[PDB]
Amino acid sequence: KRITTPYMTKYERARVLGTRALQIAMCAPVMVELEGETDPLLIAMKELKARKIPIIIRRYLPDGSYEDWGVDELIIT
Amino acid sequence: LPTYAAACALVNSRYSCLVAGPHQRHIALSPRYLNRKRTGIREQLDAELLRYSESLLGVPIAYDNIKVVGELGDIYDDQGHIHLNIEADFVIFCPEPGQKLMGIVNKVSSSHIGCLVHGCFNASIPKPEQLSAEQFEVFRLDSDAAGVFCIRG
Amino acid sequence: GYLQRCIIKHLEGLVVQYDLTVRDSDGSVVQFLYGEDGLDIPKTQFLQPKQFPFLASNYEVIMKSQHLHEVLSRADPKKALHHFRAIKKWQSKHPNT
Amino acid sequence: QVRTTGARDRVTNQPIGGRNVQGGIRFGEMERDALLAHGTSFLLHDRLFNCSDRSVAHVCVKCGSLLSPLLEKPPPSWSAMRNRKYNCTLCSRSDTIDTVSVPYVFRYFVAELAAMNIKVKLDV
Amino acid sequence: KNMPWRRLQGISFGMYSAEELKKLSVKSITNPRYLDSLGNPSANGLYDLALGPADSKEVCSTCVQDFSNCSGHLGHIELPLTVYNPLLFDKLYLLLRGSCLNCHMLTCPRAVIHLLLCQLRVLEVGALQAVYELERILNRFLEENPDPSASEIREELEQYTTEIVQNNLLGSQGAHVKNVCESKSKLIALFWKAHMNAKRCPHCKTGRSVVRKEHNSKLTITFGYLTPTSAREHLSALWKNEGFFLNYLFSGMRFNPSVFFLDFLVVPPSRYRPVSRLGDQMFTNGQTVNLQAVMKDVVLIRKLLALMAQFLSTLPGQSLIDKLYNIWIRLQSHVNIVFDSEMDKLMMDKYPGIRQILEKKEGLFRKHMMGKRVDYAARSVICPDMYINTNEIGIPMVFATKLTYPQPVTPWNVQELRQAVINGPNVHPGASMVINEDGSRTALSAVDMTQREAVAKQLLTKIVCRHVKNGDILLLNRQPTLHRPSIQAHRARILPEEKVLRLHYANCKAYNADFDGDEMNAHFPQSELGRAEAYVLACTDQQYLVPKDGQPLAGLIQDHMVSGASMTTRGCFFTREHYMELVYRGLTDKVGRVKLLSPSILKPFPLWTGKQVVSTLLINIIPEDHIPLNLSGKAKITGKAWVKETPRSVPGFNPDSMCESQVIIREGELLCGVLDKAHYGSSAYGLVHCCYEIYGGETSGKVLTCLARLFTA
Amino acid sequence: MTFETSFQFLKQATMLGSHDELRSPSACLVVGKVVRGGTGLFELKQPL
Amino acid sequence: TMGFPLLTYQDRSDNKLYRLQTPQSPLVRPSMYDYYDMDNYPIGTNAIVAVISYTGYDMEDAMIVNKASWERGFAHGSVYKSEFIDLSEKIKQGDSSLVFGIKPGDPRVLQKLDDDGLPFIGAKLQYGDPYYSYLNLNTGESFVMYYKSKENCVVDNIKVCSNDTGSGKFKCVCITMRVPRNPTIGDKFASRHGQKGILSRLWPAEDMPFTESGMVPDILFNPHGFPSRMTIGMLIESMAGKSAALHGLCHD
DNA sequence: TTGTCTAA
DNA sequence: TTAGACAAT
Ligand SMILES: [Zn+2]
Ligand SMILES: [Zn+2]
Ligand SMILES: [Zn+2]
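Residue numbers (the entry's author numbering), protein chains in the order written: chain U, 50 to 126; chain W, 31 to 165, 179 to 196; chain X, 986 to 1082; chain F, 1011 to 1134; chain Z, 5 to 227, 254 to 283, 291 to 347, 374 to 524, 536 to 787; chain E, 1672 to 1719; chain P, 695 to 946.
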C-alpha cells in the first residue's frame, strides 16, 4: 500500500542520476552498451532512459515512515 | 600465511584459547563490487584479519558463512562507498594474557629468540631470564601495524 | 535587506511534503494544499482560459511528450467525476449557498 | 581571483580572504538563501561544507562531547606493539569513541561554548 | 580512507557541573607570561605546549602529534574565591529578590507555583490540551476550599499530571512542535516576570530581605555587599528546599547551583586563540588578554591572602582596610569582561569577548557559520558574447589552466586522463594534478615530460584533478542575489587568450547585470553529485521563468528586435546561396541533415523569404522525433504602424485577416506576422515561451541561441 | 541564534535545555548535514 | 579621462599620473576650449566612429574597436606609480643607521640591483624581483625588499631625497615606475556627450566593414545607445568632425 | 528609527 | 501608565 506520486519528481532524478553516476565512477560496473563517452552523467542518464537503474528510494513521510519506490517503476516525465 | 585448512583442522581443543561464534559488522564497500559482492566482502575481510578491533575483540584467524544482513544496502549523502553489514560464523582468537602457547623457531640468537604462534604470530621472546651470563608466559600483547599480531614473552 | 532577511528566516522551513501539505521544519501544518489549490507558479502559465486554444491545437505534440492518460493505469476518473457530478447536482437543487 | 588549495587560517581553517592576495571567495547569506530556493541541497553542501573547513571529530556515543576524548601518547616500545587509541576521560572507557563529520567552525563553536561553560549533547 | 559515516540525530546544549571540567582539563596555568624573548612559548603559561599547540614545528606536550591533527587541549584558571555566573546572573537576581534570608522559601503563593509545576510536566509530554484543564480545575478547587494546607500538591492537579504523563508515555519526542515550545516559553517568561514581585513573606509572617542589582556586577542586600561566598550558602539551602520546582523551571543537566557560581575559569585551546600583529597594541589576542587581566587579579588576591596570613596592594581602591570587597568586584568584572563586554561600561582596557565573537552580523553565525569563503571558485569581470549558447559560458584560458576538477580513473577514461597527464598543468587540451591511492599527491609539473609520461604509464594500474573543459559546469554568482535565478549553473567553454568572463544576452536579464564592469563570482562544483543537480535542477535552460509570477525572463535584447522586424517582414527575398548561408549561420554542429525548405517563389527566380529562414531554423532546432508546434496570436507592431497612405474601406475585407499583426505559425513554419519582443523577447506567451511549455528547456534555449546567431549574421 | 540576538537565545536555550532534532535548513548547515530540502528529503538505497 | 596631465613628469612625485601617448586636439570644439587654451593638455584621441549594429558583441553599453588600429597606437597610455621609500618611517628596529647598500657576496642582488642598493634606471621589474636593499651600518647585515606588485613595470627615474637641512643621511628615496597600460578588453571609453562604452572585443581589420572610400572604421558604436539617451549632440559632432577633417577647418 | 521589554 | 534599555539596517 503505497500512495505517493507515481511520477518521479525532479529532485528524485537529480539524486538518482548523481549517485548512479558515482555508482559508475571508480571502476564501477556499467549495465548498458556505450558509444564511448567519458562523462559519467551521460552514462547514468542513458540508463535512466533504459530503466536499468536499480535504486530503491525511501521517500520520508514526515511521521518518520517511508515508502520504498523503485526507479524501475517510477514514471519519468 | 593465514591458512584455512578445513576450519583450522579444529584446534579448539584444550590448551588453546579461542572462541568461534556469530557476530555483526559494518563493511564499507567500494562501488566496483556492486555486482559480484561475495568476493568483495571476503577480499576486504582477508584484508582485515590478524589485528585488533572491538566487534572481534582480540584478533581473528578465520571466518566462515558470510551472510549479508538485511534486504537493503545503505547509500549515504555524498560518499557512494556503499555500507553493508555482515553476520558470519567467525573463527577469532582471544589472546588471553596469562596463557601458554606454542613456538616455531626461525631466527634465534643470544639477544632474542624468534618463535611463531599458529605460523603467523611473529612473537619475539627475550632469551635472558636474568639467570646467568653463560646461557612461555604472557604479560603484554599488542599488535603491530601492517596486518600482523605480536606476542611479547 | 533586513526585512527580506527576516521574512526568509521565518519561512526557511515551509517545504512541501509527499502528502502535499505545506509543513514547517518540525511537522507543524500550515496549509493542506500549497496555495489553496495545490499547483505551482511556473507551471500554471498555460492553464488560463485564453491559452486553451493553444492547447486545442498542438495536442499530438504533447501526446508524444507523455502518454499516461489514454491507455495506461492510474488514469481512472471515476472517483473524481462521480464527485464533480455530486457537486453539480447539489448546485442543481440548492443554487444559493 | 582564482583559488585552489590555498592557505587557511589557524583559527577556523577555511580559506582566508581579507582584502589581499591568495584569498578565497565568499559564498554568502543570500547565496545560501537562493541555493536552498533552487532545491539543490548538495551543491550547497559542497560549496559550504565540503570545500571549506571539513573536519573529522571524535565523540563518545554514550555521553556525546567533542571535548571528552583524549588520544594517548605512543608507547616507548619503538613503533612495535603500539596501540594509538582514544580515551574518553569522562567515561574512562576504550570503546565507542566514534568519528563524525562536522565543520571545523562548529568545533570552535563547541570548544568556545566550553569557555562559556556550555556543553552540547550530540545524538550520535 | 576510513571516513566518518556515523551521522547525527539532534543536539542539546546545557551547562557544566564543575567537577567534570577538572577531569576534562590538562593544566592549572597561573603564569602571566605568554612567550619568551626568543619566540619560545613560555612554561606553564597561557600558550603552553600542554594546551593545544600554537606552532607547527613543536609538538604539544600531552600528545605527540603535530598542529595539523590535534584535537585541542584546555586548561583552567583556578580562582581564589567564588564569582557569579554571567550567563545566569540576570536570573540569579530574579530569584533572590523573591526568596528570603532565614527561611529558604519564596514569596510566591502556593497556588501559582503548584499550577506552573503541574503545567510544565504536561508540556514535557506535549499534551497542551491539559494546560487549560489544570487552571480550570485549580480555579474550581480554590473556589471550593482556599487554603495553604495543600503544601506539596493538590490531589487532582497531581493526579491529572500523573495521568497525562502515563497516557502518551513516549511523549518526550512529540514535543518539538512550535505550539509546545510556544507555551513553554510563554509560561516560564510569565513566571519570571509577572509572579516575581519583591514583597513580604506570606506563610511564616517574617520580614523579607530584598537584594538590589547595581551596574550589573554587585548585589546589595538590604539590612551591603553580598559576597558570592555567602551567596553559596544562601543558594544551596534555597535550592535544597525548592528543587522540586526549580528543576522544572531549569531543565539543564540534578541541576545544582554549581552553575550559578564560578570557582574557576576555563581557557579555550590555544590553537583556537590565534596570534595577531600590526595593530594599535601588537602581540595580543583578545580572549588571551582578558584572561591575562583575570590571572593578574588572581595574583593580586593571592597577595592579599598572603597579607591576611598573619604597600603590596596600594593599587586597589582602599589599601588601608584588610578585607577588600573592591578587589573581589574587580575580579567579578574581569569575569564579565571575559564572557561579555556589554555588561561592563567602565574598564577602558578591554577587548571584545565571547558574546561579541558570536552575536552580531560580523560574528560567527552570520559570518563564518552560515556563509563561508570557498575553495575552487573564480571571480572575474563579465562582458557580452553571443557565439556561446544560452546554457553556456566562456571560461577564459587563464581560469582554465588554473581551475581543476577531480576525476577517478574508470576503464572508460584511462586514455583522456593519460593525455592530460601528458600535457602537464599549463597546457589546456586538459591537464592534470594526480593524487595517489593514499593521501599522498604527486602535483606533477610541466618543466619535464619524462616524469609526466612515467606517471602517465601508471594511471589505471589514483584520481586526477583535471582542468576544466568544454562541458563542465561552473556555478555562476553575481551579488547581490535577491531571487532564485540569480545563481545559475552554466556549462563551461574554454576560449583562448582572454581575461573576462563572457555571457549571452538572455542570462544578464536574470542576473540583473549591465555589462559595465560588474564583477561576477564563478564557483566550480568540485564533487560529482554537485555536477548532477547543476545539470538537472540548477540548469539555465530549466529556469526560464520568474518565481514572482511565472513570466519569462530569458530573451533577446537589442539588435535582434530590429533584425526580426526587418527579416520576417513581408518584403525580404533571399536567393539560394544567401538562404543556405543564413540557415547555417543560425545553426552550428547540428548533428543531422539540415532539413531545408522549397522556394516560396519558384519562377522567374528561386527567391526564398525571410520568414522561411526562421521556419527552416525552427524545423531544424526542434528535435528529430518531435513534430513541430502550432501557434497563433498577436505581435508588438500593430496594424496602424504599416499604414502610409489614407486607407480606403473595401466592402468585404477585414484588414486584420491579412495583417502583419497576427503571428500564425503553422506546423513550425511562419505563415504570417512579424516576430518582435512579443514573441522572442522577455515577453510572455510568445514563440520561445511556447517552445518552453511544449518541448522543454534545452530546445527553448536553442531557439534563443539560434535566433540570435541568425539575426546577427 | 543564527537569525538575531544569539546571546539571548543561547541563554534561553541553556536555561531551558532545548533540543531540536536537526530538521531545519538553518540548523543542518551549523552541523555538517544535508537539509530536508529537495535533494535531502529522502535517503537512498540499493536492493540486495 | 586619462589625458595628458602635466609637462614635468620628472620633478613631480605623485602616486599615479595617467598619461596618454599622442592625444589630439578635437576638431569640433566650442570657443571656450580655445579661450582657456586647453591644447596645452588634451585628453582624448579622435576616432572614425561608424554607427552600425554589425557584430554581435556590440550591445548593451559596449563597443568594438578595430584591432589593427589598436595595434598601430590608438589611445596608448602609461601610468606612473611613484613610491616614496623611507628607511625610518617604515623599517625601525635599532639605532636608525640604515643606508641603502649591498653587502659584497650577496647573490640576491647580482645584476638586478645596482652597487648602491637601488635598482637601475630603465631596468624592467616583474613580480618577484629585488626592489631595493638597505645596509644596516652598525652590524653590516644588508637586507632586501622585493617588488610585491602584480604588474610589470619599468623604473623610469630614481630621485634621492635629503632632509630640509641638507645633512640627511642616504636613507630616503622615491622610485618612479612606468606601467604601460594599453587598451585591453574591459577598458571603458566615452565620447564628449556622456555615453560610456566598455571595450568588448577587438575585431580584426579585414573583418571591418570598409566604406566606399577605402576606409575601415576605427570604433564601432551601436545604434542602440541612442533612443533611450537622446544624444543628438553626438550625431551632429559626427557630421561636424567628418566635415572638418574633409576641409581642414575647425568647427564651432 | 522602530518596537517591544523592564523598572519606577 | 510611562521613561531607560536593548538590537538592526
Ligand atoms: Zn563519553
Ligand atoms: Zn595533543
Ligand atoms: Zn520568609
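Cβ coordinates follow ideal geometry from the N, Cα and C atoms, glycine included.
Any chain F beta carbon closer than 9 Å to residue i
i	result
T1685 (chain E)	yes
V724 (chain Z)	no
CA-to-CA distance, residue j to residue i, given in whole angstroms
i	j	result
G1012 (chain X)	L409 (chain Z)	48 Å
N143 (chain Z)	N171 (chain Z)	24 Å
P798 (chain P)	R1020 (chain F)	39 Å
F1031 (chain X)	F1037 (chain X)	7 Å
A899 (chain P)	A1041 (chain X)	53 Å
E1041 (chain F)	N499 (chain Z)	34 Å
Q989 (chain X)	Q553 (chain Z)	15 Å
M1048 (chain X)	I57 (chain W)	48 Å
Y255 (chain Z)	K222 (chain Z)	7 Å
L745 (chain Z)	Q736 (chain Z)	10 Å
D731 (chain P)	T555 (chain Z)	49 Å
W897 (chain P)	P570 (chain Z)	15 Å
CB of residue i within 9 Å of CB of residue j, strictly
i	j	result
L85 (chain Z)	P379 (chain Z)	no
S706 (chain Z)	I738 (chain Z)	yes
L39 (chain Z)	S29 (chain Z)	no
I102 (chain U)	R69 (chain U)	yes
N544 (chain Z)	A440 (chain Z)	no
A509 (chain Z)	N551 (chain Z)	no
DSSP state of residue i mapped onto helix, strand, coil
i	result
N876 (chain P)	coil
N183 (chain Z)	helix
Minimum Cβ-Cβ distance from residue i to chain E less than 9 Å
i	result
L1046 (chain F)	yes
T68 (chain U)	yes
Below-9 Å beta-carbon distance, residue i vs any chain U residue
i	result
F1052 (chain F)	yes
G1033 (chain F)	no
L59 (chain W)	no
residue 1721 (chain E)	Nothing in the structure corresponds to residue 1721 (chain E), since chain E is present only between 1672 and 1719.
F1674 (chain E)	no
Short CB-CB distance (under 9 Å) between residue i and chain Z
i	result
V1702 (chain E)	yes
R1013 (chain F)	yes
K1064 (chain X)	no
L1693 (chain E)	yes
residue 1209 (chain F)	Since the first and last residues shown for chain F are 1011 and 1134, residue 1209 (chain F) lies out of range.
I1107 (chain F)	no
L110 (chain U)	no
TODO: Pull out every residue of the segment 571-601 of chain Z whose Cβ sits closer than 8 Å to any Cβ of chain P, in chain order.
DONE: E572, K573, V574, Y579, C582, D588, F589, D590 and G591
Task: Members of the segment 1110-1121 of chain F near chain E, C-beta cut-off 7 Å - done: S1111, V1112, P1113 and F1116
TODO: Report the residues of the segment 85-106 of chain U with a CB closer than 9 Å to any CB of chain Z, ordered along the chain.
DONE: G85, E86, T87, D88, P89, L90, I92, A93 and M94
TODO: Select from the segment 1073-1104 of chain F all residues with a C-beta closer than 7 Å to any C-beta belonging to chain W, and list them in chain order.
DONE: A1090, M1091, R1092 and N1093
- [ ] Could you name the residues of the segment 77-103 of chain W whose beta carbon sits closer than 7 Å to any beta carbon of chain E, in the order they occur along the chain?
- [x] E101, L102 and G103
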